[PDB]
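*Asks:* Pasting in a structure now, in structure tokens, and then I'll have a few things to ask.
FYI, it's all coordinate maths here, none of it is from the lab. Here the Cβ is made from the backbone with ideal geometry for all residues, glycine too, and neighbour counts use every protein chain on show.
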Number of protein chains: 2
Amino acid sequence: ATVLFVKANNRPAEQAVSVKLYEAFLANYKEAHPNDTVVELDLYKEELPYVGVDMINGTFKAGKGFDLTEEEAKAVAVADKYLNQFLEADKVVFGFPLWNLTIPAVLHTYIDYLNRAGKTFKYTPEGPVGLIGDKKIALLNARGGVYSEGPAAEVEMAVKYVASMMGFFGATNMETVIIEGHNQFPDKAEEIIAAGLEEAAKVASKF
Amino acid sequence: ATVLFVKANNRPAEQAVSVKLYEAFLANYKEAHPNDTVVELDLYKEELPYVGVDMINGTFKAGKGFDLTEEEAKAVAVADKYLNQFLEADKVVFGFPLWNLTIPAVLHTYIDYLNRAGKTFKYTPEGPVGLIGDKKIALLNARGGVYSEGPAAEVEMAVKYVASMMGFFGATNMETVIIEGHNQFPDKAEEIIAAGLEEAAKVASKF
Ligand SMILES: Cc1cc2nc3c(=O)[nH]c(=O)nc-3n(C[C@H](O)[C@H](O)[C@H](O)COP(=O)(O)O)c2cc1C
Ligand SMILES: Cc1cc2nc3c(=O)[nH]c(=O)nc-3n(C[C@H](O)[C@H](O)[C@H](O)COP(=O)(O)O)c2cc1C
């Protein structure tokens, strides 16, 4: 199988729990699957121009017989590169922190590139239908406070954002590994983090 | 007063409801407050490097007085420029669409830059307290579908995102003008858009 790892954090593992989690899942995945093709995409090593008018118009027009501007075609070429790589993968693993309630803006731009009629969803008379139902997806997230319960739960917009968009694209039975609360309950941080790394190992073995 | 308009959509006004909404609020605000200083910040005209390790380490180390690498110092300086402008404004008006459930990634990066201990919030033994209580904020949003009720209400992450972060910074009694449902209910689009632009004019006249 071809497996794409999308890394959305360039902090060192020693300082960033989401990075420690991503690296553990990655190492465990490779150990269990020596003959898979595993590809890492580090969003901080890429040039990710923000989506705006030229990308919106270019991706709408592409393939429909319209003229494109040079700038529209440049924008389409960027989105196509990421979109085609994502579509080629049999499994996709996203590793990201919660920062300021949500995902890193680098990952927000990457997911914007994935939204394309005819590629990740199609229109029907009954509404949009997702086209990635055959892809296995894992979401690996770390967050300092607890967001699964308590007063912050209603403003969690990191895992919720990625799961909502992947669900729209048609992904089902996504796996999620979440390490939360290590900043909020610092006395238990070591055990909270270790427990997440164990869970990552178990999920990666079956993924 | 000094009023900062933050524009997050470079589609022409003829093709974009959120840009009509922004331009109507802007024109009406100026007409009604001819002697106020109005400054427009067009996020698509700016260079907005993504937040990652250099910004994070840079702001952490600046707070400690530790030496900054070139890249850390440059990152802090970029954030400073935008943060200082936001802090100097008496009122701030944000104009943005809902794209892919959320705000444009350009506005996501902009808001990331505003988060700073001692500037937009401070720590207390009882938890963080926001420091912008004095600042009047308007949120102008357009969205194709209805997100105020129905099956999609649960995944609105555009207005909810900006309102949550501004609230954390301590903004109170923010004004919100939303134009929603013009793509979902095309038979009502003319009425919905016209009503929304009238509301923006009214709110701007009193802002
Ligand atoms: C820029 C930034 C913003 C953050 N925002 C939040 C937040 O909104 N809520 C929270 O509980 N923790 C927040 N944290 C703490 C992180 O969620 C925590 O460190 C988690 O491990 C993911 O970040 P990391 O993998 O980079 O360490 C933030 C950390 C950083 C560096
Ligand atoms: C790139 C893009 C993504 C969009 N995503 C959504 C969406 O998730 N939900 C929705 O109801 N409408 C969506 N729309 C429609 C816009 O919310 C809406 O109709 C209005 O166009 C805001 O976009 P605008 O001000 O640029 O026109 C999207 C439009 C664009 C161009």
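*Asks:* With the requirement that a residue be of a type in the set (S, T, N, Q) and either out of contact with any strand residue (DSSP E or B) (no Cβ under 8 Å at 6 or more places or on another chain) or in contact (Cβ under 8 Å) with a residue 60 or more places away in the chain (or both), what does the stretch A:12-60 give you?
*Replies:* We begin by selecting, within the stretch A:12-60, every residue of a type in the set (S, T, N, Q); these are A:15, A:18, A:28, A:35, A:37, A:57, A:59.
Hits for the stretch A:12-60 are A:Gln15, A:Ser18, A:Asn28, A:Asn35, A:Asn57, A:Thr59.
*Asks:* Just checking, which of A:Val129, A:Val106, A:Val159 is farther than 30 Å from A:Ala77 by Cβ and out of contact with any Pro (no Cβ under 7 Å at 6 or more places or on another chain)? Step through it out loud before you land on a result.
*Replies:* Details: A:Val129 fails: farther than 30 Å from A:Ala77 by Cβ; A:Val106 fails: farther than 30 Å from A:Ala77 by Cβ.
Just a single option satisfies the conditions, and that option is A:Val159.
*Asks:* Return the total of residues in the stretch B:159-173 being buried (at least 19 other Cβ atoms within 10 Å of the Cβ) and more than 10 Å from every other protein chain (Cβ to nearest Cβ).
*Replies:* The total comes to 5.
*Asks:* A further question follows. Is it true that some residue in the stretch B:32-53 is more than 14 Å from chain A (Cβ to nearest Cβ) and assigned to a helix (DSSP H, G or I)? Full working, then the answer.
*Replies:* The first filter runs over the stretch B:32-53 and keeps only residues more than 14 Å from chain A (Cβ to nearest Cβ), leaving B:32-41.
Still in the running and assigned to a helix (DSSP H, G or I): B:32.
Yes, the conditions are met somewhere in the stretch B:32-53.
*Asks:* With respect to B:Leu26, is the statement that it is within 14 Å of chain A (Cβ to nearest Cβ), assigned to a helix (DSSP H, G or I) and either closer than 19 Å to B:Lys7 by Cα or among the β-branched types (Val, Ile, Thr) (or both) true? Explain how you work it out, then say what you get.
*Replies:* Values: within 14 Å of chain A (Cβ to nearest Cβ): no; assigned to a helix (DSSP H, G or I): yes; either closer than 19 Å to B:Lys7 by Cα or among the β-branched types (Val, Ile, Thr) (or both): yes.
In short, no.
Let's see how each residue does on (1) touching a strand residue (DSSP E or B) at 6+ places or on another chain (Cβ under 6 Å); (2) among the small types (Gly, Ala, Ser):
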| site | (1), (2) |
| --- | --- |
| B:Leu98 | yes, no |
| B:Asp112 | no, no |
| B:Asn115 | no, no |
| B:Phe121 | yes, no |
| B:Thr124 | no, no |
| B:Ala142 | yes, yes |
| B:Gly145 | no, yes |
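*Asks:* Please go through the stretch A:39-61 and pick out each residue that is hydrophobic (A, V, I, L, M, F, W, C) and surrounded by fewer than 17 Cβ atoms within 10 Å (Cβ to Cβ).
*Replies:* Kept after step one, since they are hydrophobic (A, V, I, L, M, F, W, C), are these residues of the stretch A:39-61: A:39, A:41, A:43, A:48, A:51, A:53, A:55-56, A:60.
Scanning the stretch A:39-61 gives A:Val39, A:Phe60.
*Asks:* Go through (1) within 16 Å of ligand 1 (Cβ to nearest atom); (2) under 29 Å from B:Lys20 (Cβ atoms); (3) not charged (D, E, K, R) and name the single condition B:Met55 misses.
*Replies:* (2)
*Asks:* What number of residues in the stretch A:153-207 are more than 17 Å from A:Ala27 (Cα to Cα), part of a helix (DSSP H, G or I) and not small (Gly, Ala, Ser)?
*Replies:* The qualifying residues number 15.
*Asks:* Still on this structure, I have one more. Would you pick out the residues in the stretch A:155-203 that are more than 15 Å from ligand 1 (Cβ to nearest atom) and aliphatic (A, V, I, L, M)?
*Replies:* Passing the criteria: A:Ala163, A:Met165, A:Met166, A:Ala171, A:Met174, A:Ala201, A:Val203.
*Asks:* Looking at B:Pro151, is it within 16 Å of ligand 1 (Cβ to nearest atom) and surrounded by fewer than 16 Cβ atoms within 10 Å (Cβ to Cβ)? Explain how you work it out, then say what you get.
*Replies:* Values: within 16 Å of ligand 1 (Cβ to nearest atom): no; surrounded by fewer than 16 Cβ atoms within 10 Å (Cβ to Cβ): yes.
It is false that B:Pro151 is within 16 Å of ligand 1 (Cβ to nearest atom) and surrounded by fewer than 16 Cβ atoms within 10 Å (Cβ to Cβ).
*Asks:* Can you tell me which residue in the stretch B:145-158 is farthest from A:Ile103 (Cα to Cα), limited to those that are within 12 Å of chain A (Cβ to nearest Cβ) and of a type in the set (A, V, I, L, M)?
*Replies:* Taking the stretch B:145-158 as the starting set, the residues that turn out to be within 12 Å of chain A (Cβ to nearest Cβ) are B:145, B:151-152, B:154-158.
If we keep only those that are of a type in the set (A, V, I, L, M) too, we end up with B:152, B:155, B:157-158.
Details: B:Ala152: 20, B:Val155: 15, B:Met157: 12, B:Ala158: 13 Å.
The qualifying residue farthest from A:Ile103 (Cα to Cα) is B:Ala152.
*Asks:* A further question follows. (1) within 16 Å of ligand 2 (Cβ to nearest atom); (2) within 16 Å of the chain's Cα centre (by Cα); (3) polar (S, T, N, Q): which one isn't true of B:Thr109, the others all being true?
*Replies:* Of (1) within 16 Å of ligand 2 (Cβ to nearest atom); (2) within 16 Å of the chain's Cα centre (by Cα); (3) polar (S, T, N, Q), only one is false for B:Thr109: (1).
*Asks:* Somewhere in the stretch A:107-123, is a residue crowded, with 21+ Cβ neighbours inside 10 Å and either under 24 Å from A:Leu197 (Cβ atoms) or within 16 Å of ligand 1 (Cβ to nearest atom) (or both)?
*Replies:* Within the stretch A:107-123, one or more residues are crowded, with 21+ Cβ neighbours inside 10 Å and either under 24 Å from A:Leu197 (Cβ atoms) or within 16 Å of ligand 1 (Cβ to nearest atom) (or both).
*Asks:* Taking B:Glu40, is it closer than 19 Å to B:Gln85 by Cβ and not polar (S, T, N, Q)?
*Replies:* Here the answer is yes, as B:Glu40 does meet what is asked.
*Asks:* Would you check if A:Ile137 is within 16 Å of ligand 1 (Cβ to nearest atom) and either within 11 Å of chain B (Cβ to nearest Cβ) or under 12 Å from the mean Cα position of the chain (by Cα) (or both)?
*Replies:* Answer is no for this residue.
*Asks:* Sticking with this structure for a sec: Filter the stretch B:97-134 down to the residues that are within 12 Å of chain A (Cβ to nearest Cβ), under 22 Å from B:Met157 (Cα atoms) and assigned to a strand (DSSP E or B) and list them by number.
*Replies:* Selection gives B:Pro97, B:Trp99, B:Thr102.
*Asks:* Let me ask something else. Hey, any hits in the stretch B:5-20 for a residue that's part of a helix (DSSP H, G or I) and of a type in the set (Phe, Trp, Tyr)?
*Replies:* Kept after step one, since they are part of a helix (DSSP H, G or I), are these residues of the stretch B:5-20: B:17-20.
Narrowing further to those that are of a type in the set (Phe, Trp, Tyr): none.
Checking the stretch B:5-20: not a single residue is part of a helix (DSSP H, G or I) and of a type in the set (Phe, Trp, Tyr).
*Asks:* In this structure, does A:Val177 turn out to be within 25 Å of A:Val38 (Cα to Cα), aliphatic (A, V, I, L, M) and out of contact with any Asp or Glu (no Cβ under 6 Å at 6 or more places or on another chain)? Outline the logic, then answer.
*Replies:* Numbers: within 25 Å of A:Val38 (Cα to Cα): yes; aliphatic (A, V, I, L, M): yes; out of contact with any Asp or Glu (no Cβ under 6 Å at 6 or more places or on another chain): no.
In short, no.
So that you can scan it fast, the table gives a plain yes or no per residue for (1) more than 16 Å from ligand 1 (Cβ to nearest atom); (2) crowded, with 18+ Cβ neighbours inside 10 Å; (3) basic (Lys, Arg); (4) within 20 Å of A:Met165 (Cβ to Cβ):
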{"site": "A:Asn10", "(1), (2), (3), (4)": "no, yes, no, no"}
{"site": "A:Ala16", "(1), (2), (3), (4)": "no, yes, no, no"}
{"site": "A:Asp36", "(1), (2), (3), (4)": "yes, no, no, no"}
{"site": "A:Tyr82", "(1), (2), (3), (4)": "yes, yes, no, yes"}
